[PDB]
Structure formats: C-alpha cells, structure tokens
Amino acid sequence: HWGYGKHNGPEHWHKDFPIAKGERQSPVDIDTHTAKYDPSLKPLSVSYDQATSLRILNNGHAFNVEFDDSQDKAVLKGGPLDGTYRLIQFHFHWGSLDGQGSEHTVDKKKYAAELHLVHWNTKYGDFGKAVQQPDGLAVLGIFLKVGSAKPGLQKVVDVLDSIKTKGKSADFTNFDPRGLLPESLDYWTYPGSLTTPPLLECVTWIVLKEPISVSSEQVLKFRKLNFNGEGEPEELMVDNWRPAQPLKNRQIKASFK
C-alpha cells in the first residue's frame, strides 16, 4: 500500500493512482513574484465559533482531528469560493528535521510543517460526493515554523501519546481550531488536488501567507508518532509530505498587495 517510504512513497503513487501525473496536482511551489494580485478576491470568512470536534485518529499517514459535520457549524466561505464549505477534519504534514515538512513551498522555501483544514462544499451533500467534483473541497493550508510555542496546539500535542500507532483513536471534544489561525488571513489560491491518494482533483487550495510558530518541543512530539500499528516494528511518522508538483496550466492568485 502507499506511504512515505523508500519503496512506497510519492514517486510510486502514480502506478496505483495515475491522476498523480494529472493537470491539477498538489502541492505546488508558490512563486511569490509571479502570483498575481487579484482585486476581485474577497476576504476569507472563517467561522469556527460553533465547531465541534469529536475525535483524533492515527490513520497510519497522519493524525486527523475530526469534526461533527452533520450541522451547519464550522464553515469557510468568501475568499475565492462560491458558496459554503463545512469543516470535516484537520491534519498536518511534517518533517524529520525542521528544515523540511511542508507540502507547499514559497519561493522554494520548505517550512517545518503544514496544517490542512479540510472543508467540503455543502451543495454536494457530503464529503464523499464532494470529492468527485472539481469544486468539491476547500483546503486551508497554514505553514508552521519552529520558534515560540503555539498555546492552542498543546491540547493536540498532549493527546498524541494515546494514539501512537496506526488505527488508534481518542475522544477529542471541545477543541477550538481558531487557536491554530495566524493573525492575518492573506492568502494565495489555486485549483489543485488531494495531496495523498486518491489524489482527486477536487480542491480549491487557500494557502495563508503568515505561518504560525510552534515550539521545537511541540514538533518533536509529532515526530514520536508511528506509521506502524501496535505490535509492529517501529517506523516513526516523519516526512509525511508530498513534494511540489508541476504547476501546468495554472495561475496562483494572491489576495493581497
């Protein structure tokens, strides 16, 4: 099965998922000089005040913080989006070292990690139908750099020892994802894909320019997670990021000058 190893990593995915070599794959490098400011882009509207987290899961590739998406609660709208998108889960991608881990890059700069807040377009009724549509998902991407701790991340960090290995989950209620948001909502946007199999070309990417800082200790705890299941040889969950993919016939737009 696919993963983040030397024999099943990103360069192999196209054999089972040949959309891997498609026209709108993610992530990409954001060349900041050639992204154009688009004055028609709107401010991003992030409304997380009623978000209801339920559970955190080690799925063997990352951990997902899952949300109850059965009511109109935690929604993303505005920005480049038409309509409204409901938060279903967030997760991260990170490195074995501070100098790598992000999926998107900025003028080739790799950040230590990247947070993905995943939302589905309500007009398609559920996530599984949304991923079949070219405007089905909106993923809010936020870079992480190592410096001062992020207080709003610590609750996630401290539950990780309970979900060390693949297939483990833990209750995770009352987590407020507003505590993971940078001060500024300036962003870049482009049409792309899921960054893990099935690599479906269903995402409007919204990547914030301002990173959040987390401490070394916080990322170090991400790096103690395991890709393996309990009772199997330990494989640390590190370097769970896909490299930048060809931009092809796409424009990256900036919300800001």
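Start at 1 and count along the sequence shown; that's the residue number.
K.L.:
If you take the mean CA temperature factor per stretch, which one wins between 241 to 249 and 6 to 14?
P.N.:
It is 6 to 14.
K.L.:
Output the stretch having the higher mean C-alpha B factor in the entry; the candidates are 127 to 135 and 167 to 175.
P.N.:
Result of the comparison: 167 to 175.
K.L.:
Among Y48, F63, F67, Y190, which residue carries the highest C-alpha B-factor recorded in the PDB entry?
P.N.:
The C-alpha B-factor peaks, among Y48, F63, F67, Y190, at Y48.
K.L.:
Between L208, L194, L41, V214, let me know which has the highest C-alpha B-factor in the entry?
P.N.:
Of the options given, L41 has the highest CA B-factor in the PDB entry.
K.L.:
Splitting the chain's C-alpha B-factors into thirds, which one does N121 fall into?
P.N.:
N121: CA B-factor falls in the lowest third of its chain.
K.L.:
Using only modelled residues of the chain, where does the Cα B factor of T204 rank: lowest third, middle third or highest third?
P.N.:
Within its chain, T204 is a lowest-third residue by C-alpha B-factor, going by the deposited values.
K.L.:
Select lowest, middle or highest to describe the third in which the CA B-factor of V28 falls within its chain in this entry.
P.N.:
CA B-factor rank for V28: lowest third.
K.L.:
Within this chain's modelled residues, let me know which third the CA B factor of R86 belongs to: lowest, middle or highest.
P.N.:
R86: CA B-factor falls in the middle third of its chain.
K.L.:
Lowest, middle or highest third of the chain for the C-alpha temperature factor of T105?
P.N.:
For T105, whose C-alpha B-factor we compare with every modelled residue in the chain, the answer is the lowest third.
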